[PDB]
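Chemist: Just dropping this structure here.
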There are 2 protein chains.
Amino acid sequence: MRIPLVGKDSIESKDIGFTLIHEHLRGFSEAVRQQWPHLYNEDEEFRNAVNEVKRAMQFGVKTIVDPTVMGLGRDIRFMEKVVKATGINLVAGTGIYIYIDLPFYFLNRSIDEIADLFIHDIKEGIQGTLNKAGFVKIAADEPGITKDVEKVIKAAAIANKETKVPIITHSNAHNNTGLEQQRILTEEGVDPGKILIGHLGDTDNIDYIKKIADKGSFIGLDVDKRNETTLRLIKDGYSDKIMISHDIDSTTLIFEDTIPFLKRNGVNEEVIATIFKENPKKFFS
Amino acid sequence: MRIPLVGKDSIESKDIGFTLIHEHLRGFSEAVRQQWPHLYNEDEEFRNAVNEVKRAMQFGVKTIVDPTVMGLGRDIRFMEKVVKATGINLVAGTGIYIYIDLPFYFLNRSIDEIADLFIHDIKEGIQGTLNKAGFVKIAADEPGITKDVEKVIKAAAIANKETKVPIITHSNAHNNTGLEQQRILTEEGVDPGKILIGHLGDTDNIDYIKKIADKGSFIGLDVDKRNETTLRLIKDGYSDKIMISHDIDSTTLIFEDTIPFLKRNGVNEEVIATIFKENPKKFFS
Ligand SMILES: [Co+2]
Ligand SMILES: [Co+2]
Ligand SMILES: [Fe+3]
Ligand SMILES: [Fe+3]
């Protein structure tokens with residue numbers, strides 16, 4: 001029992017099985033949903049989430065990792081309801097998703113105070129439940145590594161040091177934020193193999209992608225050009241660093257498009273198993 | 001019946017009486033409160049809010065204007081509870097409080113779409129209740145008039161044009177954001193006397209303040225130096241543009257400090273009546 005699951009007992013990382021490493025059941029701006037609820041329909045969101053999870057399970061998915069955190073409208077009680085309706089293994093996370101500055105709350109607060117929020121979610125539970133976080137999610141984009149973005153990165157490293165949970169990032173595939181995320185985390189003492197640098201499948205600069213993977217971190221490739229890059233990377237022997245996902249105010253695309261395209265281009269079932277079973281296993285090990 | 005009140009029938013602006021034009025019952029970051037509720041105690045916030053309203057009522061306050069909006073954690077149901085417990089006249093508002101960029105929701109959305117949210121709150125009601133907004137609140141600070149800040153300003157003007165409700169702003173007293181807010185609103189066709197440029201009491205550059213007032217807008221002076229500026233402005237004949245308030249993650253300061261200090265420096269009760277009764281009356285007229 002190493003990985004916490006929403007609405008279930010924890011499981012050993014070795015029993016995670018076929019895993020979708022980056023799927024959002026739902027996403028929204030906390031402030032907009034609180035202030036203008038007329039814009040949203042939770043019943044439709046629920047139905048859509050249940051349907052997508054069921055579709056994934058029909059293709060043999062055992063575990064889904066949902067990296068929705070602050071900024072994207074994480075709601076543990078919604079997640080519970082989805083689990084009860086499907087029986088899926090669902091890993092929730094903690095963290096903060098920002099591109100520029102932190103909410104006003106964080107004005108004049110230390111990196112340690114931010115880290116304590118993450119550790120609270122990991123050790124005590126999320127949003128007043130006993131459902132605990134199994135990873136930390138962070139982001140950077142076009143604005144680059146700002147002061148507040150760097151605070152969040154360093155907070156994530158502190159959380160990892162204390163709890164050992166892995167770190168997932170969102171980066172911009174065109175401005176080296178991904179490489180900077182990796183460097184800052186590793187300088188703080190994070191094991192590179194406990195980092196997934198995501199949203200890279202958007203670039204064709206395979207050298208940039210290979211550089212990240214070479215430094216020991218997983219690369220998130222989350223169409224023909226995207227599949228082309230994916231295949232390119234596979235044939236170059238980067239299967240064991242590749243993690244594929246689909247990633248608001250589908251899941252079948254992997255099974256209806258990506259994997260079919262791969263297999264009819266050589267890649268066997270041992271490669272598919274590596275990307276979807278072995279890679280997640282190591283990440284959470 | 002022109003001004004909407006939380007939990008009550010609307011009233012004529014002439015019956016507003018002694019008004020505190022800018023008091024926050026409660027404030028918080030929506031995203032932080034949703035994601036880490038352990039940080040907050042709503043029961044303590046409620047008790048504190050009730051106590052402050054009761055203190056104000058003991059000094060003869062009849063109406064309180066609470067400009068908490070998106071970004072600051074507006075909660076109409078909390079506001080209702082306070083009204084039920086005190087019997088205060090409470091004016092709620094709509095709008096958006098940002099310094100740099102808007103939530104992700106607003107990516108690729110028009111000024112008209114933003115305006116429609118404000119108009120929804122004014123015409124239909126707030127957060128799924130029949131409690132309607134009686135003004136629009138906007139902000140700018142150190143970053144100045146950004147692209148998204150300007151969007152919100154122009155949305156506020158559209159709302160005012162359609163519904164006639166007045167506009168309250170937060171500005172930085174040291175970078176001319178207040179003057180720019182006023183200019184942009186007036187160019188869009190907003191009557192200058194339907195604008196309150198706030199958070200000016202922080203500067204001693206009385207010429208800057210006088211410039212705003214001269215252009216026909218109310219000036220929000222929201223200690224000795226602050227009172228000094230206030231007195232300075234009063235003796236220069238700017239009483240009829242002055243609005244005073246106290247303005248998170250007291251109300252008596254006005255009655256225990258400011259007003260006492262004023263009166264023992266000449267200003268009579270007709271000036272006090274102008275600032276706290278006549279100025280609000282015109283603003284909402
Ligand atoms: Co992302
Ligand atoms: Co303000
Ligand atoms: Fe994502
Ligand atoms: Fe305020």
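Naming scheme: A, B, ... for chains in displayed order of the structure tokens; residues 1 onward per chain; ligands 1 onward as shown.
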When you look at residue 174 of chain A with a cut-off of 10 Å (counting only C-alpha atoms), what residues show up, excluding the ones that are within fewer than 6 positions of it in the same chain? I need them as a ChimeraX atom specification.

Modeler: /A:141-142,200,202-205,208

Chemist: Please provide as a PyMOL selection string all residues within 12 Å of residue 59 of chain B, with the sequence filter that same-chain residues fewer than 6 positions apart are discarded (counting only C-alpha atoms).

Modeler: chain B and resi 18-20+52-53+251-256+259

Chemist: Please save N, CA, C and O atoms of the selected residues as a PDB file, in the first residue's frame.

Modeler:
```pdb
ATOM      1  N   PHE B  18     -27.183  57.348   6.588  1.00  0.00           N
ATOM      2  CA  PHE B  18     -25.757  57.355   6.873  1.00  0.00           C
ATOM      3  C   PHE B  18     -25.151  56.048   6.362  1.00  0.00           C
ATOM      4  O   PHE B  18     -25.553  54.970   6.798  1.00  0.00           O
ATOM      5  N   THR B  19     -24.184  56.168   5.440  1.00  0.00           N
ATOM      6  CA  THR B  19     -23.698  55.039   4.662  1.00  0.00           C
ATOM      7  C   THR B  19     -22.181  54.901   4.788  1.00  0.00           C
ATOM      8  O   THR B  19     -21.449  55.878   4.647  1.00  0.00           O
ATOM      9  N   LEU B  20     -21.723  53.669   5.050  1.00  0.00           N
ATOM     10  CA  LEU B  20     -20.321  53.311   4.910  1.00  0.00           C
ATOM     11  C   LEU B  20     -20.123  52.694   3.528  1.00  0.00           C
ATOM     12  O   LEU B  20     -20.616  51.601   3.262  1.00  0.00           O
ATOM     13  N   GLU B  52     -18.938  43.685  13.824  1.00  0.00           N
ATOM     14  CA  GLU B  52     -18.513  44.932  13.207  1.00  0.00           C
ATOM     15  C   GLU B  52     -19.721  45.712  12.692  1.00  0.00           C
ATOM     16  O   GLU B  52     -19.739  46.938  12.766  1.00  0.00           O
ATOM     17  N   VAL B  53     -20.714  44.998  12.153  1.00  0.00           N
ATOM     18  CA  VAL B  53     -21.917  45.634  11.638  1.00  0.00           C
ATOM     19  C   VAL B  53     -22.694  46.243  12.806  1.00  0.00           C
ATOM     20  O   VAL B  53     -23.219  47.351  12.703  1.00  0.00           O
ATOM     21  N   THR B 251     -14.220  49.224  11.709  1.00  0.00           N
ATOM     22  CA  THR B 251     -15.295  50.106  11.284  1.00  0.00           C
ATOM     23  C   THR B 251     -15.409  51.276  12.259  1.00  0.00           C
ATOM     24  O   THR B 251     -15.924  52.336  11.907  1.00  0.00           O
ATOM     25  N   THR B 252     -14.920  51.062  13.485  1.00  0.00           N
ATOM     26  CA  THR B 252     -15.018  52.053  14.543  1.00  0.00           C
ATOM     27  C   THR B 252     -13.932  53.113  14.368  1.00  0.00           C
ATOM     28  O   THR B 252     -14.061  54.224  14.877  1.00  0.00           O
ATOM     29  N   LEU B 253     -12.866  52.757  13.643  1.00  0.00           N
ATOM     30  CA  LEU B 253     -11.743  53.656  13.426  1.00  0.00           C
ATOM     31  C   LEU B 253     -12.245  54.987  12.871  1.00  0.00           C
ATOM     32  O   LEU B 253     -11.660  56.036  13.136  1.00  0.00           O
ATOM     33  N   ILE B 254     -13.333  54.936  12.097  1.00  0.00           N
ATOM     34  CA  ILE B 254     -13.921  56.136  11.526  1.00  0.00           C
ATOM     35  C   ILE B 254     -14.514  56.988  12.645  1.00  0.00           C
ATOM     36  O   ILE B 254     -14.399  58.211  12.624  1.00  0.00           O
ATOM     37  N   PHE B 255     -15.156  56.328  13.616  1.00  0.00           N
ATOM     38  CA  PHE B 255     -15.930  57.020  14.634  1.00  0.00           C
ATOM     39  C   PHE B 255     -15.073  57.302  15.865  1.00  0.00           C
ATOM     40  O   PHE B 255     -15.356  58.234  16.615  1.00  0.00           O
ATOM     41  N   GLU B 256     -14.027  56.491  16.061  1.00  0.00           N
ATOM     42  CA  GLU B 256     -13.184  56.594  17.240  1.00  0.00           C
ATOM     43  C   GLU B 256     -11.976  57.484  16.956  1.00  0.00           C
ATOM     44  O   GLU B 256     -11.374  58.019  17.883  1.00  0.00           O
ATOM     45  N   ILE B 259     -13.434  60.877  12.568  1.00  0.00           N
ATOM     46  CA  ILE B 259     -14.472  61.887  12.718  1.00  0.00           C
ATOM     47  C   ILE B 259     -14.180  62.748  13.947  1.00  0.00           C
ATOM     48  O   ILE B 259     -14.302  63.971  13.893  1.00  0.00           O
TER      49      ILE B 259
END
```

Chemist: Kindly determine which residues of chain A lie within 9 Å of chain B, considering only C-alpha atoms, and give the answer as an NGL selection string.

Modeler: :A and (28-32 or 34-38 or 69-75 or 100-101 or 103-106 or 117 or 120-121 or 126-128 or 248-249)

Chemist: How about saving the chosen residues, N, CA, C and O atoms kept, as a compact mmCIF listing (two decimals), in the first residue's frame?

Modeler:
```txt
# COMPACT_ATOMS: atom_id res chain seq x y z
N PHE A 28 -11.94 23.71 -14.33
CA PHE A 28 -12.63 24.99 -14.30
C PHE A 28 -11.88 25.95 -13.38
O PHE A 28 -11.09 25.52 -12.54
N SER A 29 -12.13 27.25 -13.57
CA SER A 29 -11.58 28.29 -12.71
C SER A 29 -12.43 28.38 -11.43
O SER A 29 -13.62 28.64 -11.50
N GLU A 30 -11.79 28.17 -10.27
CA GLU A 30 -12.49 28.18 -9.00
C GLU A 30 -13.31 29.46 -8.84
O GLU A 30 -14.47 29.41 -8.43
N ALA A 31 -12.70 30.61 -9.15
CA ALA A 31 -13.31 31.90 -8.86
C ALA A 31 -14.52 32.14 -9.76
O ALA A 31 -15.52 32.71 -9.33
N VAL A 32 -14.43 31.69 -11.02
CA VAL A 32 -15.51 31.93 -11.97
C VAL A 32 -16.69 31.03 -11.63
O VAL A 32 -17.84 31.46 -11.74
N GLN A 34 -17.44 29.85 -8.65
CA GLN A 34 -18.04 30.27 -7.39
C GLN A 34 -18.90 31.52 -7.62
O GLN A 34 -19.94 31.66 -7.00
N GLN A 35 -18.45 32.40 -8.51
CA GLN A 35 -19.07 33.71 -8.67
C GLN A 35 -20.21 33.67 -9.68
O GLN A 35 -21.18 34.43 -9.53
N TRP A 36 -20.11 32.81 -10.69
CA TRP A 36 -21.12 32.71 -11.73
C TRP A 36 -21.47 31.25 -12.01
O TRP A 36 -21.16 30.71 -13.07
N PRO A 37 -22.14 30.57 -11.05
CA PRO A 37 -22.49 29.16 -11.19
C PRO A 37 -23.44 28.86 -12.35
O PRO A 37 -23.54 27.71 -12.77
N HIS A 38 -24.10 29.89 -12.89
CA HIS A 38 -25.04 29.70 -13.98
C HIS A 38 -24.31 29.21 -15.23
O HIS A 38 -24.94 28.70 -16.15
N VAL A 69 -5.49 20.39 -10.00
CA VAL A 69 -5.09 20.99 -8.73
C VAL A 69 -5.58 22.44 -8.68
O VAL A 69 -6.32 22.87 -9.56
N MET A 70 -5.16 23.18 -7.65
CA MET A 70 -5.58 24.57 -7.49
C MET A 70 -5.26 25.34 -8.77
O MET A 70 -4.14 25.27 -9.28
N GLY A 71 -6.25 26.09 -9.25
CA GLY A 71 -6.15 26.79 -10.52
C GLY A 71 -6.98 26.12 -11.61
O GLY A 71 -7.36 26.76 -12.58
N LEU A 72 -7.27 24.82 -11.42
CA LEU A 72 -7.95 24.01 -12.43
C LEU A 72 -9.24 23.42 -11.85
O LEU A 72 -9.95 22.71 -12.56
N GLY A 73 -9.50 23.67 -10.57
CA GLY A 73 -10.79 23.37 -9.96
C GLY A 73 -10.89 21.95 -9.41
O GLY A 73 -11.93 21.31 -9.55
N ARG A 74 -9.82 21.46 -8.78
CA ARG A 74 -9.83 20.16 -8.13
C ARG A 74 -11.01 20.07 -7.16
O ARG A 74 -11.24 20.97 -6.36
N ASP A 75 -11.75 18.96 -7.24
CA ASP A 75 -12.90 18.73 -6.38
C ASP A 75 -12.95 17.25 -6.01
O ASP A 75 -13.39 16.42 -6.81
N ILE A 100 1.83 33.04 -13.94
CA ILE A 100 2.46 34.31 -13.61
C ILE A 100 2.58 34.48 -12.10
O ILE A 100 3.66 34.32 -11.54
N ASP A 101 1.47 34.85 -11.44
CA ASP A 101 1.52 35.17 -10.02
C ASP A 101 0.55 34.28 -9.25
O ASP A 101 -0.39 33.71 -9.82
N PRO A 103 -2.32 33.64 -6.14
CA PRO A 103 -3.41 34.37 -5.47
C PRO A 103 -2.91 35.29 -4.36
O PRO A 103 -1.83 35.09 -3.82
N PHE A 104 -3.73 36.30 -4.02
CA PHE A 104 -3.35 37.32 -3.05
C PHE A 104 -3.00 36.68 -1.71
O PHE A 104 -2.17 37.20 -0.97
N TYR A 105 -3.65 35.55 -1.40
CA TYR A 105 -3.43 34.86 -0.14
C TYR A 105 -1.94 34.68 0.14
O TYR A 105 -1.52 34.74 1.30
N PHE A 106 -1.16 34.45 -0.92
CA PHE A 106 0.22 34.00 -0.79
C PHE A 106 1.19 35.17 -0.63
O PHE A 106 2.38 34.96 -0.45
N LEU A 117 1.08 23.12 2.57
CA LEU A 117 -0.23 22.85 1.99
C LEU A 117 -0.20 21.52 1.24
O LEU A 117 -1.13 20.72 1.35
N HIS A 120 0.11 18.68 3.65
CA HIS A 120 -1.18 18.47 4.28
C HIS A 120 -2.03 17.52 3.43
O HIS A 120 -2.64 16.59 3.96
N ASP A 121 -2.07 17.76 2.12
CA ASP A 121 -2.90 16.99 1.21
C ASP A 121 -2.38 15.56 1.11
O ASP A 121 -3.16 14.62 0.93
N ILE A 126 -7.32 15.47 1.39
CA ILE A 126 -7.69 16.55 0.50
C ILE A 126 -9.07 17.10 0.86
O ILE A 126 -10.03 16.35 0.97
N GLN A 127 -9.13 18.43 1.02
CA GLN A 127 -10.37 19.18 1.14
C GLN A 127 -11.25 18.59 2.24
O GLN A 127 -12.47 18.52 2.09
N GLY A 128 -10.62 18.19 3.35
CA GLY A 128 -11.34 17.75 4.53
C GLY A 128 -11.82 16.30 4.44
O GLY A 128 -12.70 15.90 5.21
N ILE A 248 -13.35 21.30 -19.65
CA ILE A 248 -12.64 22.57 -19.30
C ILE A 248 -13.54 23.75 -19.66
O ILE A 248 -14.41 23.63 -20.52
N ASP A 249 -13.32 24.88 -18.99
CA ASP A 249 -14.08 26.09 -19.24
C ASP A 249 -13.17 27.12 -19.93
O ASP A 249 -13.71 27.61 -21.13
```

Chemist: Could you give me the residues within 12 Å of ligand 4, counting only C-alpha atoms and all ligand atoms, as a short mmCIF file (atom, residue, chain, number, x, y, z; two decimals) with C-alpha atoms, in the first residue's frame?

Modeler:
```
data_model
loop_
_atom_site.label_atom_id
_atom_site.label_comp_id
_atom_site.auth_asym_id
_atom_site.auth_seq_id
_atom_site.Cartn_x
_atom_site.Cartn_y
_atom_site.Cartn_z
CA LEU B 20 -20.32 53.31 4.91
CA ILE B 21 -19.45 53.21 1.23
CA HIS B 22 -16.65 50.64 1.35
CA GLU B 23 -16.63 47.91 4.00
CA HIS B 24 -15.72 44.26 3.44
CA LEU B 25 -17.63 41.83 5.67
CA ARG B 26 -15.18 39.12 4.58
CA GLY B 27 -12.45 38.57 1.98
CA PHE B 28 -10.48 35.57 0.69
CA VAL B 65 -21.78 48.96 0.87
CA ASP B 66 -19.68 45.80 0.57
CA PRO B 67 -17.58 45.79 -2.66
CA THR B 68 -16.37 42.18 -2.38
CA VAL B 69 -16.39 40.64 -5.87
CA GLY B 71 -11.05 37.69 -6.71
CA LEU B 72 -11.98 38.65 -3.13
CA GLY B 73 -14.40 35.80 -2.38
CA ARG B 74 -17.88 37.33 -2.66
CA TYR B 97 -10.76 42.26 -8.98
CA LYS B 137 -16.30 47.03 -8.57
CA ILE B 138 -12.95 46.99 -10.66
CA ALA B 139 -9.27 47.28 -9.78
CA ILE B 168 -16.32 51.74 -7.69
CA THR B 169 -12.60 51.27 -8.35
CA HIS B 170 -9.49 50.29 -6.45
CA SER B 171 -6.36 52.09 -7.67
CA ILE B 197 -11.89 56.28 -7.57
CA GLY B 198 -10.70 54.61 -4.39
CA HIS B 199 -7.59 53.93 -2.30
CA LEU B 200 -6.28 57.47 -2.78
CA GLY B 220 -12.12 57.45 -1.86
CA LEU B 221 -9.89 58.31 1.09
CA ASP B 222 -9.77 54.67 2.18
CA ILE B 244 -14.42 57.91 3.56
CA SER B 245 -14.21 54.24 4.52
CA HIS B 246 -11.95 51.81 6.38
CA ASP B 247 -11.90 49.18 3.63
CA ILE B 248 -8.88 39.04 4.71
#
```

Chemist: Quick one: residues within 12 Å of residue 179 of chain B, only C-alpha atoms, excluding same-chain residues fewer than 2 positions away - as a ChimeraX atom specification?

Modeler: /B:140,144-145,169-177,181-186,192,195-198,200,207-219

Chemist: Go ahead and write the residues just picked, C-alpha atoms, as a PDB file, in the first residue's frame.

Modeler:
```pdb
ATOM      1  CA  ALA B 140      -5.804  48.191 -10.984  1.00  0.00           C
ATOM      2  CA  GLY B 144      -0.831  49.386 -14.266  1.00  0.00           C
ATOM      3  CA  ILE B 145      -3.493  49.198 -16.980  1.00  0.00           C
ATOM      4  CA  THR B 169     -12.597  51.272  -8.353  1.00  0.00           C
ATOM      5  CA  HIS B 170      -9.487  50.290  -6.454  1.00  0.00           C
ATOM      6  CA  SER B 171      -6.358  52.089  -7.666  1.00  0.00           C
ATOM      7  CA  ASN B 172      -2.719  52.513  -6.662  1.00  0.00           C
ATOM      8  CA  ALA B 173      -2.226  55.972  -5.183  1.00  0.00           C
ATOM      9  CA  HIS B 174       1.274  56.259  -6.659  1.00  0.00           C
ATOM     10  CA  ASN B 175       1.049  55.418 -10.378  1.00  0.00           C
ATOM     11  CA  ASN B 176      -1.909  57.261 -11.920  1.00  0.00           C
ATOM     12  CA  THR B 177      -4.016  54.112 -12.399  1.00  0.00           C
ATOM     13  CA  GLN B 181      -9.532  54.360 -14.874  1.00  0.00           C
ATOM     14  CA  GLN B 182     -11.547  57.583 -14.837  1.00  0.00           C
ATOM     15  CA  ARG B 183     -10.453  58.597 -18.348  1.00  0.00           C
ATOM     16  CA  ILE B 184     -11.211  55.203 -19.909  1.00  0.00           C
ATOM     17  CA  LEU B 185     -14.648  55.000 -18.271  1.00  0.00           C
ATOM     18  CA  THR B 186     -15.573  58.568 -19.266  1.00  0.00           C
ATOM     19  CA  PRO B 192     -17.963  60.950 -14.092  1.00  0.00           C
ATOM     20  CA  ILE B 195     -17.463  56.796 -10.538  1.00  0.00           C
ATOM     21  CA  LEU B 196     -15.671  56.456  -7.210  1.00  0.00           C
ATOM     22  CA  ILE B 197     -11.888  56.280  -7.571  1.00  0.00           C
ATOM     23  CA  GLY B 198     -10.695  54.606  -4.389  1.00  0.00           C
ATOM     24  CA  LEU B 200      -6.275  57.475  -2.780  1.00  0.00           C
ATOM     25  CA  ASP B 207      -2.938  67.752  -6.552  1.00  0.00           C
ATOM     26  CA  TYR B 208      -3.380  64.280  -8.067  1.00  0.00           C
ATOM     27  CA  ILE B 209      -6.434  63.679  -5.868  1.00  0.00           C
ATOM     28  CA  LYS B 210      -7.903  67.118  -6.619  1.00  0.00           C
ATOM     29  CA  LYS B 211      -7.415  66.465 -10.333  1.00  0.00           C
ATOM     30  CA  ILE B 212      -9.646  63.379 -10.182  1.00  0.00           C
ATOM     31  CA  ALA B 213     -12.298  65.165  -8.110  1.00  0.00           C
ATOM     32  CA  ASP B 214     -12.185  68.192 -10.424  1.00  0.00           C
ATOM     33  CA  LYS B 215     -13.072  65.916 -13.351  1.00  0.00           C
ATOM     34  CA  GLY B 216     -16.299  65.161 -11.486  1.00  0.00           C
ATOM     35  CA  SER B 217     -15.631  61.801  -9.784  1.00  0.00           C
ATOM     36  CA  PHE B 218     -15.790  60.904  -6.093  1.00  0.00           C
ATOM     37  CA  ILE B 219     -12.476  60.300  -4.340  1.00  0.00           C
TER      38      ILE B 219
END
```

Chemist: Taking the DSSP secondary structure from the backbone, can you list the residues of segment 39-151 of chain B that are helix (DSSP H, G or I), as a ChimeraX atom specification?

Modeler: /B:39,42-58,76-86,104-106,111-123,147-151

Chemist: Separation of atom CA of residue 47 of chain A and atom CA of residue 15 of chain A, in Å?

Modeler: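 Going from atom CA of residue 47 of chain A over to atom CA of residue 15 of chain A covers 27.9 Å.
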
Chemist: How far is it from atom CA of residue 54 of chain B to atom CA of residue 266 of chain B, in Å with one decimal?

Modeler: 28.8 Å

Chemist: Mind the document's chain letters and residue numbers, and return as a list in words the residues of segment 125-259 of chain A that DSSP labels strand (DSSP E or B).

Modeler: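 Strand (DSSP E or B) members of segment 125-259 of chain A, listed: residues 136, 137, 138, 139, 167, 168, 169, 170, 195, 196, 197, 198, 218, 219, 220, 242 and 243 of chain A.
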
Chemist: Between atom CA of residue 263 of chain A and atom CA of residue 63 of chain A, what distance in Å does the model show, to one decimal?

Modeler: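 These atoms are spaced 22.4 Å apart.
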
Chemist: Given the choices B:201, B:269, B:233, B:14, which gets closest to ligand 2 if the distance is worked out from only C-alpha atoms and all ligand atoms?

Modeler: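 Checking each candidate against ligand 2, we get B:201 as the closest.
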
Chemist: Which is closer to residue 10 of chain B than all the others in B:147, B:132, B:55, B:161, using only C-alpha atoms?

Modeler: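 For residue 10 of chain B, the nearest of the candidates is B:132.
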
Chemist: Calculated over only C-alpha atoms and all ligand atoms, which of the candidates A:1, A:178, A:281, A:51 has the smallest distance to ligand 1?

Modeler: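 Once distances to ligand 1 are computed over only C-alpha atoms and all ligand atoms, the minimum belongs to A:178.
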
Chemist: Can you list, as a PyMOL selection string, every protein, DNA or RNA residue that comes within 9 Å of residue 163 of chain A when you count only C-alpha atoms, leaving out same-chain residues fewer than 3 positions away?

Modeler: chain A and resi 119+122-123+158-160+166

Chemist: Measuring between only C-alpha atoms, which one of A:84, A:232, A:109, A:151 shows the shortest distance to residue 262 of chain A?

Modeler: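 Smallest distance to residue 262 of chain A is found for A:232.
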
Chemist: Report as a VMD selection string all protein, DNA and RNA residues lying within 9 Å of residue 239 of chain B, evaluated on only C-alpha atoms, omitting residues in the same chain fewer than 5 positions from it.

Modeler: chain B and resid 230 233 to 234 271 to 272 274 to 275 279

Chemist: Write a file of the just-selected residues containing N, CA, C and O atoms, as a tab-separated table (two decimals), in the first residue's frame.

Modeler:
```
chain	number	residue	atom	x	y	z
B	230	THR	N	-7.26	64.52	4.41
B	230	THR	CA	-8.71	64.59	4.45
B	230	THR	C	-9.14	65.99	4.86
B	230	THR	O	-10.02	66.59	4.23
B	233	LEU	N	-8.28	68.61	2.25
B	233	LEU	CA	-9.21	68.57	1.14
B	233	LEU	C	-10.53	69.23	1.54
B	233	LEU	O	-11.15	69.93	0.74
B	234	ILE	N	-10.95	69.00	2.79
B	234	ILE	CA	-12.21	69.53	3.28
B	234	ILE	C	-12.15	71.05	3.29
B	234	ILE	O	-13.08	71.72	2.85
B	271	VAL	N	-20.72	69.00	7.34
B	271	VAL	CA	-19.69	68.42	6.49
B	271	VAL	C	-19.72	66.90	6.64
B	271	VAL	O	-19.58	66.18	5.66
B	272	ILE	N	-19.90	66.43	7.88
B	272	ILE	CA	-19.93	65.01	8.16
B	272	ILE	C	-21.13	64.39	7.44
B	272	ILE	O	-21.05	63.28	6.93
B	274	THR	N	-22.47	65.50	4.73
B	274	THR	CA	-22.25	65.57	3.30
B	274	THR	C	-21.48	64.33	2.83
B	274	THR	O	-21.81	63.73	1.81
B	275	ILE	N	-20.44	63.98	3.60
B	275	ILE	CA	-19.51	62.92	3.23
B	275	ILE	C	-20.19	61.56	3.36
B	275	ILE	O	-19.95	60.67	2.55
B	279	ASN	N	-23.21	62.44	-0.22
B	279	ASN	CA	-22.33	61.92	-1.27
B	279	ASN	C	-22.83	60.55	-1.73
B	279	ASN	O	-23.02	60.33	-2.92
```
